[PDB]
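Worksheet: one structure, shown below.
What follows draws every value from the coordinates through simple rules; no lab data is involved. With ideal geometry, Cβ positions are generated from the backbone for all residues, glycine too; neighbour counts draw on all protein chains shown.
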Amino acid sequence: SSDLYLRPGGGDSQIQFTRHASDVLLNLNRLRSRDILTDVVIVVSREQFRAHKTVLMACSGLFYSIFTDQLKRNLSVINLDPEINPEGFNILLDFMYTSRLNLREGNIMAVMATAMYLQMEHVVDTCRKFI
Amino acid sequence: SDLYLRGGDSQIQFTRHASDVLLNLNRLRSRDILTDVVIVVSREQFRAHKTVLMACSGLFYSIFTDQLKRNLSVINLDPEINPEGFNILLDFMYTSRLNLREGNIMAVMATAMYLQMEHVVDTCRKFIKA
Amino acid sequence: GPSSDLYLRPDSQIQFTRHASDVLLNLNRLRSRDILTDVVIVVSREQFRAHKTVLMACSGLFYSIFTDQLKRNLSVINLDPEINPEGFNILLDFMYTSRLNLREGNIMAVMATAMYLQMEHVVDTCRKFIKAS
Amino acid sequence: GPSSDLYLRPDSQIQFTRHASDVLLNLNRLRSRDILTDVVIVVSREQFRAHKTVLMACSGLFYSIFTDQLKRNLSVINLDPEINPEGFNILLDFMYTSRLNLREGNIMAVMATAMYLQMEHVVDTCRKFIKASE
Amino acid sequence: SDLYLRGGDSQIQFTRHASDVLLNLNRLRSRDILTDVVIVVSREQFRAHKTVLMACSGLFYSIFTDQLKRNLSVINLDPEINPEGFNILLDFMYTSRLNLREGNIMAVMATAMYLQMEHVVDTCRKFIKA
Amino acid sequence: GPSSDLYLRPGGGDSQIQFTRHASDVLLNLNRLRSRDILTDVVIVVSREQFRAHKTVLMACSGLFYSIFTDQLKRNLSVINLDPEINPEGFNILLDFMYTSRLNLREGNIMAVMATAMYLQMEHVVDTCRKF
Amino acid sequence: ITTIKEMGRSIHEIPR
Amino acid sequence: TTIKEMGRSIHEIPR
Amino acid sequence: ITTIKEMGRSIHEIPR
Amino acid sequence: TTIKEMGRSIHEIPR
Amino acid sequence: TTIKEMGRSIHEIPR
Amino acid sequence: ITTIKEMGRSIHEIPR
């Protein structure tokens, strides 16, 4: 006879999808841009941004701290400090959902200060080098 | 004299950012933070984030975009679906790592077809041929 | 005229439009009588008889087995233990009848078996079937 | 409602209407690649490689020979000396393809071969074809 | 002249109002409208409104008043709990009728104690003494 | 003879206990939940005055609220602003009625309750008000 | 307080 | 077989 | 080449 | 419930 | 035993 | 556009 076994020696195989994490983030951004399953609105000086709490906690120490408190976890509207610049925040939000940080002369300091407020020190460190 | 920061319209690309985000999502899941759905596969329960499920699976994408069934928190998969196969695919969604052992290869493959994860199925088809 | 030529006057081709079905039915009858069946497929608890030629015609798996040089004169094959005998049975009947019988409760088994046998066109039809439910 | 059941909700049968033709084409491809052929038929010294199962499927003669359990392991069969190698080649292609190829000038050979192989439905179609001529 | 209606503070009492409300809640439950929790009893699932569960059960009252337990939508009862007993008690909560058959009386009674429905337990004790 | 077989209900028929004040007990607990702001899921805004309630209790009593919350689009609204013509005090009387079975009419507000109940499509309340 | 008992149905009946 | 129970059916949630 | 379609049974039917 | 599928049913062995 | 798959891993949700 | 690739960790790592 002969025995057809898919992995004979009771083997232990793993497939690593080298672009999976990138594929997921793009789909998260697609959901965000179509307002699907977004569960918080961040308000930055009368401007509104819709987002997923999980993505915010993954990227920002500030949001990680807010949403690890149970009392604060089921908030659906967060008003950032009035000092924070809407354009700076929109650039950091796009960074969270796309891995890309866009800097033009005239918003570099805005992105940088927004990044400390959100406690994204790795972004801040990369911004500091950028000068 | 005028000290101006540039005007090179620049973009910084963080090449491990998406991988970092996914790991943090997996950490949130394992600490049961903000998971919002329970998937029931033959009496067995799996907690997850809907957005991650919609990102990876056409089946779940279709459920959670149904306008009427907006408040679903429990999904009962068909009785035929194998809990172990589903768990491997769930770890795959959160880690980019698909773990196959002798004895569950077909289960993962068929479950992935049910979940409409065609790219995973194709990778499995390549897998069992060699 | 005192003569005439009785000649068959046609370069023609006759196409017998149900010959292929007729052949498949006769292959099924031979299989049902164990006539020239030359491989036994062992699927866990259960044994199945078939013609290697029909198996290679329908399944990329068996085609690779039986064009394998060492593995060509095999007379008993044990499938992977994961494979369900009922799923294999449905696909074997498909090979010999063109009819694929799906019951509530075995759709996933049939599909998984067909992925194992590398019967991709069946897998695709099963995918369509699942989506309609 | 907080829950939903994702259930495959059809007992169905899918009928693949060109499956039989697809099989025969694959049997023919095996023959032409000499894959799993198990008999040589020899007609006036000409050699024809074939699958025994397809022979019993189409021909009463080969059906009768190979349902004999002792003759079932023959690997070379020489037809009767009367049989025309060209007639046989035409019927063999028929068995594997559904096409019966006739030239002006070989119908009688094809018919006689088909009568020898005991392929009566072919003989009947040849009878009609002849009468469309003479 | 001054036409001023009535003046005493009058009160109209709708003697079947609460019974009416309860029937409409039951109709909502059966039409799966606004039910917001699934109770799992050894693999069987029951959908209900949290407010009705808290109204009737001390056990559910304590779960749903926990500050942390704010997003619970799936509750798994102890594996010992009998699904048929629970279903009889759930029907009771929404209808005021407790249906007892030979073969499930002790299950209803003990489940009612687990759910901390002491008044129902007392009524079952009176029942079983007859 | 020397043996006996114990059955809790021998005639394996069908017994039913009817709790004649259960529905009243449920409603009282619902009102307690409301007054403690436990599990309320909608706030009704009536001329900048706010009222918290359970959607199910509103849908059970009011054809208006039944219609709103049976719309899937409007089903997960958490703040509903009533028409400015509606009187906050009249609304408060009907809300208490929903949660207590008891409608309180004082000199000076009977008409307010009347119009409000018609707006909420509470016709049985409206008719009982008209007799009054 | 003057209380009066109303015994008719108090609210619409949500249909099955 | 129906029987009527007239005592309080459930716990009273406190004010 | 003149092609002709025959639609009847082409071969003997091997019995059950 | 019978359903007719009209596409190719099996792999095509190449020449 | 690890293997690297470098193609797209999941469906692409459209814009 | 001046594009630059940063390869270090991009965000805080949530602990287990």
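May I ask you to list the residues of segment F:4-24 whose amide nitrogen lies under 17 Å from a point 7 Å from Cα along the Cα→beta-carbon direction of H:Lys4? Answer for segment F:4-24: F:16-24.
The H on the amide N of F:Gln16, modeled in the peptide plane, is under 5 Å from the matching H of E:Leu100, H:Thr2, H:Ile3, each at least 5 residues off or on a different chain.
Express as a percent, rounded to the nearest 5, the fraction of DSSP beta bridges in chain E (both residues included) that run antiparallel.
Numbers: 5 of 8 bridges.
Approximately 60 percent, going by the DSSP bridge assignments.
In the elastic network of chain F, a GNM with C-alpha springs shorter than 10 Å, the most mobile of F:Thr20, F:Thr40, F:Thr116 is F:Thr20. When the Cα convex hull of chain B is projected onto planes of every orientation, the mean area is 12.9 nm².
Take C:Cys126, F:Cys129 and order them by how many other Cβ atoms sit within 10 Å, fewest up front.
On the way: C:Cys126 24, F:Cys129 20.
So the residues, fewest neighbours to most, are F:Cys129, C:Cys126.
For chain A, the 222 nm mean residue ellipticity estimated from helices alone, with every DSSP H stretch of n ≥ 4 adding -39500 (n - 2.57) and the total spread over all residues, rounds to -14000 deg cm²/dmol.
With N as its number of residues, segment B:40-106 has a Cα radius of gyration that, divided by 2.2 N^0.38 Å, comes to 1.16. In chain B, helices alone account for a calculated mean residue ellipticity at 222 nm of -14500 deg cm²/dmol, with every DSSP H run of four or more residues adding -39,500 (n - 2.57). Applying the criteria of a DSSP loop state and at most 16 other Cβ atoms within 10 Å to the trypsin sites (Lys or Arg not before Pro) of segment E:27-130 yields E:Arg31, E:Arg43.
Dimensions of chain F based on its C-alpha atoms, expressed as ranges along the principal axes with the largest first, amount to 81, 38, 27 Å.
List the equivalent ellipsoid semi-axes of the protein assembly as shown in whole Å, largest first, each obtained as the square root of 5λ for an eigenvalue λ of the Cα gyration tensor. Intermediate results must be reported in sequence, preceding the final value.
Details: eigenvalues 1027, 322, 147 Å².
Taking √(5λ) for each Cα gyration eigenvalue gives 72, 40, 27 Å.
Pairs with C-alpha atoms separated by more than 29 Å, drawn from the list A:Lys72/B:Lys50; A:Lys72/F:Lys55; E:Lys50/E:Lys129; C:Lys71/D:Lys52; B:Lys126/C:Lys71, are E:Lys50/E:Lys129. For segment E:1-72, what class follows from the C-alpha gyration tensor (a ≥ b ≥ c being the square roots of its eigenvalues): rounded when a/c is under 1.5, otherwise prolate if a/b is larger than b/c, else oblate? Because a/c hits 1.5 or more and a/b exceeds b/c, segment E:1-72 counts as prolate.
About the Cα centre of chain F, how large is the charge dipole given +1 on each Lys and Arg Cβ and -1 on each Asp and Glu Cβ? Please answer in debye to the nearest 20. Write out the running numbers ahead of the final one.
Details: 14 positive and 14 negative charges, 40 e Å.
Value, rounded to 20: 200 debye.
Treating cross-link reach as a plain straight distance, find the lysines whose alpha-carbon is under 17 Å from the alpha-carbon of G:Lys5, omitting any fewer than eight places away in the same chain. List returned: F:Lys131. Each of C:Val40, B:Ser57, E:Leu5 was placed along the dipole of the protein assembly as shown (beta-carbon charges, centred on the mean Cα), and the one lying farthest toward the positive end is E:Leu5.
Estimate the FRET efficiency between E:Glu84 and F:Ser3 by the formula 1/(1 + (r/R0)^6), using the beta-carbon distance for r and 35 Å for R0, to the nearest 0.05. Working shown, then result.
On the way: r = 29 Å, r/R0 = 0.83.
Result of the calculation: an efficiency of 0.75.
Enter the per residue convex hull volume of segment F:10-71, computed from alpha-carbon coordinates, in Å³ rounded to the nearest integer. Write down the numbers at each step before the final one.
Working: hull volume 9.5 nm³, N = 62.
Cα convex hull per residue, to the nearest whole number: 152 Å³.
Positive-end ranking of D:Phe62, B:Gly85, E:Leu77 along the dipole of the protein assembly as shown, with charges on Cβ about the Cα centre, is headed by E:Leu77.
Modelled spin labels at F:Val45 and E:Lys126, positioned 7 Å past Cα toward Cβ, are 5.0 nm from each other. With neighbour counts taken as other beta-carbon atoms within 10 Å, the residues C:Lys52, I:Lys5 rank, fewest first, as I:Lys5, C:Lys52. In terms of other Cβ atoms within 10 Å, F:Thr70, C:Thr113 run from fewest to most in the order F:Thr70, C:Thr113. Computed about its Cα centre, the charge dipole of chain B is approximately 160 debye, with only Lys, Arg, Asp and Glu carrying charge at their Cβ.
Could you size up the charge dipole of the protein assembly as shown around its Cα centre, putting +1 on the beta carbon of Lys and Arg and -1 on that of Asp and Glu, and report it in debye to the nearest 20? Before the final figure, lay out each step's value.
Working: 106 positive and 97 negative charges, 32 e Å.
Magnitude of the dipole: close to 160 debye.
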